[PDB]
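> take this sequence and fold it.
(one chain, ligands or ions: 2)
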Amino acid sequence: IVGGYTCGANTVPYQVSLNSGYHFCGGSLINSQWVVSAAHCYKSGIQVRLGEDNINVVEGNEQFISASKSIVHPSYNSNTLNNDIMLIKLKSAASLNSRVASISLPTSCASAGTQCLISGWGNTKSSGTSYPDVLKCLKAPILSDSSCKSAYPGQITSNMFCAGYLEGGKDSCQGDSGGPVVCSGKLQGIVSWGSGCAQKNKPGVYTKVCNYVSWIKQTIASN
Ligand SMILES: *C(=O)[C@H](CCCNC(=N)N)[C@H](NC(=O)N1CCN(C(=O)NC(C)(C)C)CC1)C(=O)O
Ligand SMILES: [Ca+2]
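Numbers count the residues shown, from 1 in each chain. Ligands and ions are numbered 1, 2, ... in the order given. The protein structure is shown below:
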């Protein structure tokens, strides 16, 4: 997260870190045994880490649970990043409390202008590299689809939305992928892609979760 702030330990209870020997992507806990992340974050041998603040120090509220299965969206295209969403099932159900909680799926799609909270353990610099050990947060508005399309000609599908600032300076970045974009307590997006990070006129592009509620619900009901 570039140009954000330190969240505060366990203040984003649904934020999870996907670990395969190291943190490689974020995710959002949607119920005691399912996590939603980005399809581009797919890899075998995932251990889901919940209750995390400093990902490099065991501080006492963590729950490390291996994934039993991952389900990449059936129409995911890795070249265009269309349908960049994936479900991960935990081997055992997480113990839910104030610090570890699920985030609700949306009942409606959020509109341009809606303020959201984006979080993650990704790079904090737009040029160069610096990884924070504690969770970073960023309050950012969803941008209009026209400004989104104008920013990325021929690349924005109906399953994507831009969020951020055209001025640059504030955005998600490498290491934040798969993480949450929450608006009014509902998971509206997944950190997907962008050109570099926090660059002028290159806002973050997010998977439009509201388009996938039926798929998520049906997939969970049968797996
Ligand atoms: C996500 O972290 C990156 C995009 C963030 C959004 N950018 C922005 N708003 N301007 C994404 N990098 C990324 O997710 N990858 C793939 C998964 N990781 C990994 O360890 N790779 C394996 C092959 C799975 C081992 C981290 C790097 C990006 O740069 O597009
Ligand atoms: Ca920790």
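> residues in contact with residue 34?
Contacts for residue 34 (Cβ atoms under 8 Å, 6 or more residues apart in numbering) come out as 87, 88, 89, 90, 220. To be clear about C-beta, it is placed using only N, CA and C from the backbone, and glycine gets the same treatment.
> oh sorry, the question was meant for residue 69
Applying Cβ under 8 Å, 6+ apart, we find residue 69 in contact with 88, 89, 223.
> what residues go with each domain of this structure?
Domain assignment for the chain by curated CATH domains gives 1-12+103-210, 13-102+211-223.
> what's the helix or strand residue 28 falls within packed up against?
Assigned by DSSP states H and E, residue 28 falls within strand 23-31. Packing partners of strand 23-31 (3 or more Cβ pairs under 8 Å, 6 or more residues apart in numbering; DSSP states H and E): strand 15-19, strand 34-37, strand 47-50, strand 180-183, strand 186-193.
> near ligand 2, anything from it?
No: remark: strand 23-31 sits outside contact range of ligand 2, by Cβ under 5 Å from the ion, the gap being at least 10.2 Å.
> export the domains of the chain as a markdown table, with columns for distance to ligand 1.
Shown next, in a markdown table, are the domains of the chain (distance: least, Cβ to the nearest ligand atom, whole Å):
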| stretch | distance to ligand 1 |
| --- | --- |
| domain 1-12+103-210 | 2 |
| domain 13-102+211-223 | 3 |
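> which other residues reach stretch 109-119?
Taking Cβ under 8 Å, 6+ apart as the rule, stretch 109-119 contacts 1, 4, 7, 12, 15, 26, 135-145, 161, 163, 172, 176, 179-184, 186, 188-189, 191, 204, 208, 210-211.
> and the end-to-end length of that stretch?
Start-to-end span of stretch 109-119 (Cα to Cα, to the nearest Å) is 20 Å.
> so which bits of it are buried?
109, 110, 116, 117, 118, 119 (16 or more other Cβ atoms under 10 Å).
> wait, which of those residues is closest to residue 47?
Ranked by distance to residue 47 (Cβ to Cβ), the buried residues of stretch 109-119 are led by residue 119 at 19.6 Å.
> so whichever strand or helix holds that closest one versus strand 15-19, what angle?
Assigned by DSSP H and E, residue 119 belongs to strand 115-120. Interaxial angle, strand 115-120 versus strand 15-19 (axes from the mean of the first three to the mean of the last three Cα atoms, to 10 degrees): 30 degrees.
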